[PDB]
Every structure is written in C-alpha cells, then in structure tokens.
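Trainee: Can you read through this structure? Questions will come right after.
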Amino acid sequence: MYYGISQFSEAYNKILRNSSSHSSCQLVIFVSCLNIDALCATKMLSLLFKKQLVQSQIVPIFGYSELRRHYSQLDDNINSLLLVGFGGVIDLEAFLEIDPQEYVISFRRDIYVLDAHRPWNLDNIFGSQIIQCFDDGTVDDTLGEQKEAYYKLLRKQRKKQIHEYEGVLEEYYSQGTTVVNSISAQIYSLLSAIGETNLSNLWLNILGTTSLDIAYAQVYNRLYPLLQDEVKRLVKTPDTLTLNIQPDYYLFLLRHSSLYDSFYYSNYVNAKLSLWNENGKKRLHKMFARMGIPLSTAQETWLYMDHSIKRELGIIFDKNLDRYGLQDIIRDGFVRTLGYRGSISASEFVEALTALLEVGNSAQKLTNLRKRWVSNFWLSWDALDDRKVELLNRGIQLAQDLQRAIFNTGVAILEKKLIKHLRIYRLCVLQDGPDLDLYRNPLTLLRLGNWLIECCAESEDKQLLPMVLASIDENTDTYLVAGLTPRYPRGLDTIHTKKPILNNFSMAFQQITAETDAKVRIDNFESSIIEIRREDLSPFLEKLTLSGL
Amino acid sequence: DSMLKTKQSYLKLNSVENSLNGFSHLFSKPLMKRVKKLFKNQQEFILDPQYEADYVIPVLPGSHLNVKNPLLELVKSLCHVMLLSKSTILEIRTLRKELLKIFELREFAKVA
C-alpha cells in the first residue's frame with residue numbers, strides 16, 4: 001500500500017507542513033457530487049480544517065470533463081490538492097498529463113486521491129510518487145501477487161516470464177467495479193487516532209456508513225459493530241443531545257408518516273407481498289386486522305397516534321409478523337434527540353438528504369442541468385447544520401412525493417409487462433408515460449431501478465441476470481441508460497456471500513465505444529451510466545447482446 | 001409491370017375502376033420479406049466505420065429536410081408513389097400500415 005491506516009496522521013502532518021499559511025489559500029478539495037459518503041467526509045474535513053484555522057476551498061464537480069477543465073484552471077501556488085469520491089480506477093497522469101520532471105523540486109504539488117472502488121488502477125499506485133492515496137488495507141494482502149509482475153516488467157527463452165506477467169495483469173483486470181469500504185469510516189479512524197472525536201463526528205460517521213444500506217448490506221454488516229461500540233463508548237434539559245440504540249424497521253419515514261402509508265410504500269413489504277395488485281392490499285388489510293389496529297387509527301400521524309399502542313407496537317409486531325414472514329423488517333438503529341425539538345433516525349435523515357439532492361429550488365441545456373445539480377448539492381450541504389430544520393421538513397415531504405411518483409410509475413411498468421426477458425440480461429425501456437422529466441437524474445433512476453430489482457428478486461425466478469434500464473428526454477432526443485446488478489434476498493445467510501456480484505457494464509460500454517463510432521458521451525463518475533442517441537440505441541443494444549459479457 | 005398486367009387482364013375480361021384494382025396482390029409478400037431483410041441488414045451494419053460510406057445521405061441544392069433513418073424514406077417514397085391511385089386508397093393504406101408495423105411506429109405518426 002502507499003499509505004497504510006497506521007500512518008494516515010503522518011500525511012495529515014504533511015498538509016500542515018505545506019498548506020498551513022497566513023494569506024494564501026493553499027488547499028482545494030474536489031468532491032464527488034451526487035454521493036452521500038463524499039458529502040459526509042467533506043463535512044468532517046471542513047470541520048477539522050476549520051479547527052486549526054487552515055484556509056481552504058470546496059469545489060463540487062460532476063464529470064471528468066469538469067475535472068480536467070478545473071485542473072487546467074489550477075495554479076502552482078496550490079501545494080496540496082484533495083480528491084474525494086472518484087479518481088481511483090483511472091491513471092490521473094495519463095489523464096491530466098502530469099510531467100514528473102516538471103514538478104520535481106519532492107515533486108512539489110501533492111495530490112491526495114481518496115476513494116473506495118476496488119478495481120483501482122495498479123499503475124496509478126506503483127508507478128507514480130506524485131499521486132498518492134489512502135489504501136483501506138487492500139494492497140497489503142490482496143495485491144500480494146499482482147505487484148510482482150508490474151515490478152518485473154516496468155536469451156530467447158525469457159518470453160515465458162513476459163507471457164506470465166501479461167496473463168497476470170489481464171487476470172487482475174476484467175473485473176467488476178465494487179465498493180468495499182466507506183470514506184467516512186477511514187476519516188473517522190484518522191480522527192480517532194488523532195483525538196478529535198465528538199458527537200458531530202460520530203453522527204456524520206453514522207450517516208456515511210448507513211448511506212450504503214440499500215446496495216452494500218455486506219459492507220454495512222461488516223461495519224456496524226464498530227459504530228455500536230463507539231457510540232457505547234461515547235432529566236430532559238433543553239440542551240440534551242442523546243444518541244441511542246433503539247429498534248427500527250425497514251419503513252419509509254415511520255416517524256413522520258402514518259403507519260399505513262409506511263407499510264404501503266416500504267419497498268421490502270412491497271416486494272414480499274405484491275402490493276401493486278389487489279391481493280397485496282387484501283393481505284395487508286388482513287395483517288392490520290389480525291394485529292388489531294383500526295384502519296381509522298392506523299391512518300393517523302405518528303405524533304397523535306395512540307400512546308398505548310405506540311408502546312405495544314414492538315410486541316404486536318413480534319406476535320403478528322411471523323405468519324406473513326416479514327420478521328426480517330426488525331433491526332437495531334440509531335436515534336438522535338435534541339432537547340424538545342423531536343426525534344429523528346439515520347434512515348429518515350439520509351432519505352431526506354437523498355430527496356433534497358434529487359429535487360430542489362443541447363450543450364447549453366446539459367450544462368444547465370449539471371449546474372443545477374451542483375446548486376442542489378450545496379443546498380443539501382447547508383441543510384446539515386442543526387440551526388436549520390426548514391431545509392429538512394421540505395426534504396422529508398419531497399421524499400414522500402418522490403417515493404409516491406416512483407411507485408406510481410413502477411406499478412404501470414409491471415402492469416404493462418415491458419420487462420423483456422432476453423437470453424442473458426433483462427431489458428426495459430420507458431418509451432412513453434407520465435412524469436418522465438424527473439428521471440433525468442441518475443440518482444432517481446437508480447432508486448427506481450433498486451425498487452425494480454428488489455421486486456424481480458422477490459419472486460420464484462431462479463436466474464440472476466443483469467438489468468438494463470433506459471429513459472428519454474424529448475428536449476435532447478437522447479436515451480439515458482444505466483446498468484444494474486442482481487441482488488440476493490436480504491434475508492439470506494452469509495455462507496452464500498463469498499463475493500459480491502460485480503458490474504461489467506462499464507467495461508462492455510467502453511469496449512463497444514472503442515470498437516464502433518457510436519454517438520455516446522461517457523463522462524459520469526459512475527462508469528455504468530452512459531448517454532446514447534435515440535437512433536443509435538437499438539443497434540448498440542444488438543452489439544451488447546452479441547458481445548461477450 | 002404489375003399495373004400493366006392487371007390492366008391487360010381487365011381489358012381481356014371485357015369512382016372505382018377495375019382496370020387497376022387488385023394489382024398489389026401480386027407483389028405483397030416478396031416486398032414484405034425484402035423490407036424485413038433490408039431492415040435487419042441496416043440494423044446490423046449501420047455503426048460500422050468501413051460501411052459508413054453507403055449510408056451517407058447525399059446533399060443537393062434545395063434540400064431542407066433533416067432526417068436519420070434511410071429505410072424510412074425509402075418506404076415512405078415507395079408508398080407515396082403507390083398512393084397516387086385516387087381509386088385504390090384502402091388497399092394501399094393497408095399495405096402501408098403493414099409495412100410500418102415492421103418498424104415500431106404508428107399509422108398516423110408525424111415521422112411517417
């Protein structure tokens with residue numbers, strides 16, 4: 001590894017040696033927009049660097065083109081640069097044409113890449129001293145064999161060694177893009193090693209680690225015990241700030257919407273009981289009756305809903321949910337209370353943040369979209385502090401609205417049966433329908449796809465196939481396409497969890513674009529999302545069908 | 001040739017005129033099969049670089065339409081030339097709808 005976890009603080013010291021000045025902004029940070037873990041890590045870093053009065057600047061970017069342009073905008077006065085949430089799996093030197101001899105003086109301007117994606121560039125690690133990263137603990141063990149060939153390859157019978165090295169490099173490559181650790185986890189580990197831990201840092205660490213529950217439950221289960229132990233290690237006066245381990249359930253805004261709507265919109269219950277047709281609603285009403293809560297009572301706000309059954313809810317769930325088999329809905333989570341203001345939980349808060357990111361407030365229109373994305377990111381950032389709650393109530397209500405719209409579109413999709421089952425991968429295209437303008441956002445599209453893949457998994461089908469989903473915006477006449485991996489049922493044992501399902505869509509897309517002259521634009525930091533032309537879609541799809549996946 | 005043949009047959013027999021009515025029954029199925037084959041080949045080889053020469057839409061003085069798929073204009077012209085009958089409208093319209101069903105389009109669409 002370059003920087004092991006046992007030396008992070010040293011790198012911190014280096015920053016103080018180079019950037020701590022009086023009247024010179026000598027540190028700029030690039031953040032992977034449209035990501036929650038990056039935002040949490042950036043907030044932690046901003047607080048830390050405000051503590052020691054180190055002047056700094058935060059810059060949000062959306063695509064690699066903006067990265068290149070803003071790097072070209074940089075000046076040599078910047079001794080240290082930060083990149084968080086991206087830039088791990090590509091060689092920046094070949095990307096930003098860094099001349100090692102231009103910067104040697106040492107190499108002057110240091111750049112700190114901090115990301116999590118595991119198929120990250122080997123040359124970008126072992127070949128450059130200008131570029132330097134924070135390994136999570138992957139190189140020391142996993143890459144114990146790949147680095148040997150690179151070191152060797154950086155009288156007619158020696159071609160066997162070259163062939164072996166080439167084969168080793170090829171075997172290392174051609175793997176899916178995955179995430180195995182959280183950025184905020186490493187940031188909090190550095191904070192703990194230094195000695196600057198407090199309740200705000202713990203809250204931000206919890207947010208960062210819990211933003212991955214949707215997609216990386218394995219990572220979440222690996223990381224939970226450390227959070228539990230740390231929160232254990234660390235009269236209701238109006239200044240109480242309590243962090244608790246309270247039971248919580250996989251429910252959409254349980255503490256801000258009625259229990260009926262919570263069950264109705266919860267994705268897990270949807271998948272388990274098929275609430276998009278009539279039998280699902282009948283089974284839901286049967287469940288409510290057998291629990292014994294009136295249908296008029298269960299449709300009241302959580303504040304005013306009856307205190308006795310609020311107390312008895314746990315026992316009611318324990319005694320009733322077994323018949324329908326929904327007992328995997330009960331888990332243990334974190335709750336934050338601030339005096340007399342109320343109560344909130346991590347899941348609700350991250351859903352509010354995600355919705356606020358989604359909704360807030362040819363080339364020209366694309367630039368306008370990419371700039372309003374940054375504006376929404378900054379609004380979400382400002383929403384973090386405890387002095388503002390009117391930027392959180394709005395987020396909660398917008399989350400409700402967005403989930404309703406997603407459910408309304410998904411029921412139509414599953415009713416029309418647009419999901420075409422090919423030989424290898426499923427496909428569905430939203431040619432026409434309602435509210436299509438919302439799905440121009442990659443995160444909204446991912447939310448829709450997550451619900452769809454959950455629904456598909458929660459069936460009797462025994463085939464795990466990648467899914468391809470497309471949209472349309474008539475203004476640009478382009479299709480936005482995202483590739484989605486299959487997911488195991490949540491209530492599954494860990495023995496069949498040797499390796500997470502990888503994602504080869506980025507490799508397939510890049511190979512097809514290299515071999516044919518399609519009119520695509522691959523600039524998202526998420527390499528599994530591309531933009532394509534309406535007339536160019538179908539042959540492209542054919543190619544993807546005929547290519548090796 | 002088909003129109004000549006049907007007019008000759010009608011004359012041999014002896015706003016509608018049976019001189020031409022029923023002439024499209026001669027070449028329907030081969031035309032449909034050929035259109036399907038053309039569509040498949042165009043789908044297969046449209047994005048190839050070395051085959052990009054033969055799909056280039058020529059530019060001429062007075063040209064103002066900007067359109068993408070060549071087979072669409074081929075079939076559109078081949079149908080508009082038949083539609084001039086003014087007496088066999090319905091048969092031509094059925095054939096045109098059947099042709100458009102090969103693509104994922106609709107009978108009264110703007111692009112058609």
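Order determines the names: the first chain of the structure tokens is A, the second B, and so forth; residues in each chain are numbered 1 upward, and ligands are numbered 1 upward as they are shown.
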Hey, what does DSSP flag as helix (DSSP H, G or I) within region 44-182 of chain A? Can you give it to me as a ChimeraX atom specification?
Mentor: /A:44-51,64-73,92-96,100-103,123-126,142-144,146-153,159-172
Trainee: Counting only C-alpha atoms, which residues of region 213-330 of chain A sit at most 7 Å from some atom of region 447-458 of chain A, and what is each one's closest atom pair with its distance in Å to one decimal, listed by chain and rising residue number, as JSON lines?
Mentor:
{"residue": "A:267", "atom": "CA", "partner": "A:451", "partner_atom": "CA", "distance": 6.5}
{"residue": "A:271", "atom": "CA", "partner": "A:455", "partner_atom": "CA", "distance": 4.7}
{"residue": "A:272", "atom": "CA", "partner": "A:458", "partner_atom": "CA", "distance": 6.2}
Trainee: Each residue of chain B lying at most 8 Å from chain A should get a row with its shortest atom-to-atom pair and the distance in Å to one decimal, counting only C-alpha atoms; could you produce that, ordered by chain and increasing number, as a Markdown table?
Mentor:
| residue | atom | partner | partner_atom | distance |
| --- | --- | --- | --- | --- |
| B:43 | CA | A:539 | CA | 5.5 |
| B:44 | CA | A:539 | CA | 6.5 |
| B:46 | CA | A:539 | CA | 7.6 |
| B:47 | CA | A:516 | CA | 6.2 |
| B:48 | CA | A:516 | CA | 6.2 |
| B:49 | CA | A:517 | CA | 6.9 |
| B:68 | CA | A:535 | CA | 7.4 |
| B:69 | CA | A:535 | CA | 7.7 |
Trainee: Go ahead and save the picked residues with N, CA, C and O atoms, as a PDB file, in the first residue's frame.
Mentor:
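Output file part.pdb follows:
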ATOM      1  N   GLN B  43     -29.841  -2.564 -39.537  1.00  0.00           N
ATOM      2  CA  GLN B  43     -29.605  -2.617 -38.100  1.00  0.00           C
ATOM      3  C   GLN B  43     -28.231  -3.197 -37.796  1.00  0.00           C
ATOM      4  O   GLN B  43     -27.539  -2.730 -36.885  1.00  0.00           O
ATOM      5  N   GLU B  44     -27.815  -4.205 -38.562  1.00  0.00           N
ATOM      6  CA  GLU B  44     -26.544  -4.860 -38.271  1.00  0.00           C
ATOM      7  C   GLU B  44     -25.348  -3.972 -38.602  1.00  0.00           C
ATOM      8  O   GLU B  44     -24.390  -3.905 -37.824  1.00  0.00           O
ATOM      9  N   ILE B  46     -25.079  -0.506 -39.512  1.00  0.00           N
ATOM     10  CA  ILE B  46     -25.166   0.950 -39.562  1.00  0.00           C
ATOM     11  C   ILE B  46     -23.989   1.607 -38.844  1.00  0.00           C
ATOM     12  O   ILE B  46     -23.470   2.631 -39.299  1.00  0.00           O
ATOM     13  N   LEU B  47     -23.534   1.035 -37.733  1.00  0.00           N
ATOM     14  CA  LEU B  47     -22.459   1.643 -36.955  1.00  0.00           C
ATOM     15  C   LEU B  47     -21.060   1.225 -37.390  1.00  0.00           C
ATOM     16  O   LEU B  47     -20.088   1.656 -36.763  1.00  0.00           O
ATOM     17  N   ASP B  48     -20.915   0.400 -38.419  1.00  0.00           N
ATOM     18  CA  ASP B  48     -19.574   0.036 -38.846  1.00  0.00           C
ATOM     19  C   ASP B  48     -18.909   1.206 -39.570  1.00  0.00           C
ATOM     20  O   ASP B  48     -19.557   1.922 -40.338  1.00  0.00           O
ATOM     21  N   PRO B  49     -17.612   1.418 -39.344  1.00  0.00           N
ATOM     22  CA  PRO B  49     -16.933   2.564 -39.964  1.00  0.00           C
ATOM     23  C   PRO B  49     -16.654   2.362 -41.445  1.00  0.00           C
ATOM     24  O   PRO B  49     -16.786   3.300 -42.237  1.00  0.00           O
ATOM     25  N   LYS B  68     -32.989  10.889 -40.330  1.00  0.00           N
ATOM     26  CA  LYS B  68     -31.944   9.989 -39.860  1.00  0.00           C
ATOM     27  C   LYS B  68     -31.952   8.635 -40.558  1.00  0.00           C
ATOM     28  O   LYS B  68     -30.934   8.230 -41.125  1.00  0.00           O
ATOM     29  N   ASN B  69     -33.069   7.914 -40.530  1.00  0.00           N
ATOM     30  CA  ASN B  69     -33.080   6.521 -40.966  1.00  0.00           C
ATOM     31  C   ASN B  69     -33.403   6.436 -42.452  1.00  0.00           C
ATOM     32  O   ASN B  69     -34.508   6.818 -42.855  1.00  0.00           O
TER      33      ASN B  69
END
Trainee: Find the spatial neighbours of region 87-96 of chain B, counting only C-alpha atoms, within a cut-off of 10 Å - ignore same-chain residues fewer than 2 positions away - and output them as a PyMOL selection string.
Mentor: chain B and resi 15-18+20-25+28+32+75-76+78-80+82-85+98-101+107+112
Trainee: Neighbours of residue 390 (chain A) within 12 Å (only C-alpha atoms; same-chain residues fewer than 6 positions away dropped), as a VMD selection string?
Mentor: chain A and resid 352 356 379 to 380 382 to 384 396 to 397
Trainee: Calculated over only C-alpha atoms, which of the candidates B:52, B:45, B:30, B:105 has the smallest distance to residue 72 (chain B)?
Mentor: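 Selected residue with least distance to residue 72 (chain B): B:105.
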Trainee: I'd like the contact shell of residue 147 (chain A) - 10 Å cut-off, only C-alpha atoms, skipping same-chain residues fewer than 2 positions apart - returned as a count of residues only.
Mentor: 16
Trainee: Which residues are near residue 134 (chain A)? Cut-off 7 Å, only C-alpha atoms, ignore same chain within fewer than 3 positions. Put them as a list in words.
Mentor: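 The filter keeps residues 2, 3, 4 and 114 of chain A.
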